[PDB]
Amino acid sequence: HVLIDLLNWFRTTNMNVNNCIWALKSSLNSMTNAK
Amino acid sequence: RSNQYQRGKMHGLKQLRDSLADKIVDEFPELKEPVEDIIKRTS
Amino acid sequence: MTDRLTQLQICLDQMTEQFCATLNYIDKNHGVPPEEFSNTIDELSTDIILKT
Amino acid sequence: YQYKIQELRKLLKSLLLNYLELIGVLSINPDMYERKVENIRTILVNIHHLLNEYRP
């Protein structure tokens with residue numbers, strides 16, 4: 001379960017970072033109108 | 001690879017905000033006190 | 001001649017665009033060699049200060 | 001009008017300070033970064049409200 005727990009935690013961190021990047025891109029795309 | 005990317009981006013961001021804090025202190029001494037608190041708010 | 005107001009609006013639009021470009025570079029570049037990244041960010045921060 | 005000038009200077013300084021603090025948030029704990037983002041926008045919005053009363 002040890003390798004599987006580390007594996008899942010690192011995957012969660014990875015797509016959390018990816019989702020944060022995508023959210024940043026979406027926020028800039030939305031807020032460019034208000035610029 | 002994802003972990004190495006995370007560590008490298010953490011180091012990059014750390015140097016980014018360190019340099020930005022240093023220069024904001026340099027050209028704007030009057031805002032020096034909150035900036036350190038900002039570090040205390042982040043670190 | 002160009003009006004002081006129109007120049008001020010061009011300046012604040014350029015400032016917003018510069019912040020957007022700087023943060024986009026940060027988001028898409030964090031991880032490029034650290035020295036080149038640091039030099040480019042120092043240039044961007046000097047640009048921020050000058051625009052200010 | 002000097003009061004409005006000094007208010008806009010202190011608001012710009014606070015906006016730069018909040019931008020620095022927000023990018024630090026992105027650096028260390030970006031998960032709650034939006035918690036400050038809109039806040040900064042409000043200041044920008046308040047600068048835009050001053051710049052709207054400034055039209056007539």
# chains A, B, ... in the order shown; residues from 1 in each chain; ligands from 1
$ residues_around --residues "residue 18 in chain A" --least-positions-apart "5" --cutoff "12 Å" --atoms "only C-alpha atoms" --output "compact mmCIF listing (two decimals) with N, CA and C atoms, in the first residue's frame"
# COMPACT_ATOMS: atom_id res chain seq x y z
N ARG A 11 0.58 11.86 -7.67
CA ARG A 11 -0.34 12.15 -8.76
C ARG A 11 -1.30 13.27 -8.41
N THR A 12 -1.84 13.25 -7.18
CA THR A 12 -2.76 14.30 -6.75
C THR A 12 -2.07 15.66 -6.78
N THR A 13 -0.83 15.72 -6.29
CA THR A 13 -0.07 16.96 -6.37
C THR A 13 0.12 17.40 -7.81
N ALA A 23 -6.33 27.16 -14.11
CA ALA A 23 -7.15 28.19 -13.48
C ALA A 23 -6.51 29.57 -13.62
N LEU A 24 -5.18 29.65 -13.50
CA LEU A 24 -4.50 30.92 -13.74
C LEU A 24 -4.72 31.39 -15.18
N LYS A 25 -4.58 30.48 -16.14
CA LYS A 25 -4.78 30.86 -17.54
C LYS A 25 -6.21 31.33 -17.78
N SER B 2 7.60 14.82 -12.36
CA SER B 2 6.70 15.79 -11.76
C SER B 2 7.26 16.36 -10.46
N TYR B 5 10.03 18.76 -11.31
CA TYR B 5 9.42 20.01 -11.78
C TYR B 5 8.89 20.83 -10.61
N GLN B 6 8.24 20.17 -9.65
CA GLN B 6 7.73 20.86 -8.48
C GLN B 6 8.86 21.51 -7.68
N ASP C 27 4.44 31.50 -15.07
CA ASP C 27 3.64 30.28 -15.04
C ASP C 27 4.16 29.25 -16.03
N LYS C 28 4.59 29.69 -17.21
CA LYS C 28 5.04 28.77 -18.25
C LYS C 28 6.53 28.48 -18.20
N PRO D 30 -0.32 28.27 -3.42
CA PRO D 30 -1.19 28.78 -4.49
C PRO D 30 -2.62 28.27 -4.41
N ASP D 31 -2.90 27.23 -3.63
CA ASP D 31 -4.24 26.64 -3.60
C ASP D 31 -5.30 27.65 -3.20
$ interface_residues --of "chain D" --to "chain A" --cutoff "12 Å" --atoms "only C-alpha atoms" --output "list in words"
residues 23, 26, 27, 29, 30, 31, 32, 33, 34, 37, 38, 41, 42, 44, 45 and 48 of chain D
$ atom_distance --atom1 "CA of residue 8 in chain B" --atom2 "CA of residue 30 in chain C"
7.1 Å
$ atom_distance --atom1 "CA of residue 39 in chain D" --atom2 "CA of residue 18 in chain D"
8.8 Å
$ closest_atom_pairs --of "chain C" --to "chain A" --cutoff "12 Å" --atoms "only C-alpha atoms" --output "tab-separated table"
residue	atom	partner	partner_atom	distance
C:9	CA	A:35	CA	10.5
C:10	CA	A:35	CA	11.1
C:11	CA	A:35	CA	11.9
C:12	CA	A:35	CA	8.9
C:13	CA	A:35	CA	6.7
C:14	CA	A:35	CA	9.7
C:15	CA	A:35	CA	9.8
C:16	CA	A:35	CA	6.6
C:17	CA	A:35	CA	8.1
C:18	CA	A:35	CA	11.4
C:19	CA	A:28	CA	10.4
C:20	CA	A:28	CA	7.2
C:21	CA	A:28	CA	10.0
C:22	CA	A:28	CA	11.8
C:23	CA	A:24	CA	9.3
C:24	CA	A:25	CA	8.0
C:25	CA	A:25	CA	11.4
C:26	CA	A:21	CA	10.6
C:27	CA	A:21	CA	6.9
C:28	CA	A:21	CA	8.6
C:29	CA	A:21	CA	11.5
C:30	CA	A:21	CA	10.9
C:31	CA	A:17	CA	11.9
$ interface_residues --of "chain B" --to "chain C" --cutoff "12 Å" --atoms "only C-alpha atoms" --output "list in words"
residues 1, 2, 3, 4, 5, 6, 7, 8, 9, 10, 11, 12, 13, 14, 15, 16, 17, 18, 19, 20, 21, 22, 23, 24, 26, 27 and 28 of chain B
$ atom_distance --atom1 "CA of residue 49 in chain D" --atom2 "CA of residue 25 in chain D"
27.1 Å
$ closest_residue --among "A:26, A:33, A:3, A:9" --to "chain B" --atoms "only C-alpha atoms"
A:9
$ residues_around --residues "residue 8 in chain D" --least-positions-apart "2" --cutoff "12 Å" --atoms "only C-alpha atoms" --output "ChimeraX atom specification"
/D:1-6,10-15,43-44,46-51,54
$ residues_around --residues "residue 42 in chain B" --least-positions-apart "4" --cutoff "7 Å" --atoms "only C-alpha atoms" --output "list in words"
residues 38 of chain B; 24, 25 and 28 of chain D
$ closest_residue --among "D:7, D:52, D:35, D:17" --to "chain B" --atoms "only C-alpha atoms"
D:17
